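Protein chains in written order, with UniProt numbering: chain A, 203 to 252; chain B, 152 to 202.
To keep things clear, I will list the structure first and then write my remarks on it.
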Amino acid sequence: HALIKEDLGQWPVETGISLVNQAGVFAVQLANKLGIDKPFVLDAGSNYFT
Amino acid sequence: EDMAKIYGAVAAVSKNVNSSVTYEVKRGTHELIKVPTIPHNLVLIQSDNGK
């Protein structure tokens, strides 16, 4: 048996309060992890071999 | 960065919601003491000859 797992981390969620407000806080941290918070242009063209 | 500040401020407001209160109900309650003996207040008076 084998499987492929995508690990985006663990984010605690508190009940009794609005979920969307907590999502916004975690959204900026998620963008920081993926490196997409600041304006960027992808250069992966040279990442190849023959 | 300024978006994290705005999002943090909103979450602070949403977290200001109150859940419940807790208190003790003790008014009207008093402790009880225990009396060990029964007061009779009786004395027997008898003459010397017993008549």
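From the three backbone atoms N, C-alpha and C, an ideal C-beta is built for every residue, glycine too.
Annotated three-state conformation of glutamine 231 of chain A is helix, per DSSP. In this chain, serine 171 of chain B is not harboured by any alpha helix (DSSP H), its DSSP state being neither H nor E. Looking at the backbone, the Cα of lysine 177 of chain B and that of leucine 183 of chain B are separated by about 14 Å. Among the residues facing chain B, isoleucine 238 of chain A is not included, as its CB has no counterpart in that chain under 9 Å away. Taking a Cβ-Cβ threshold of 8 Å, the residues of chain B close to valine 230 of chain A are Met154, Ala155 and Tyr158, in chain order.
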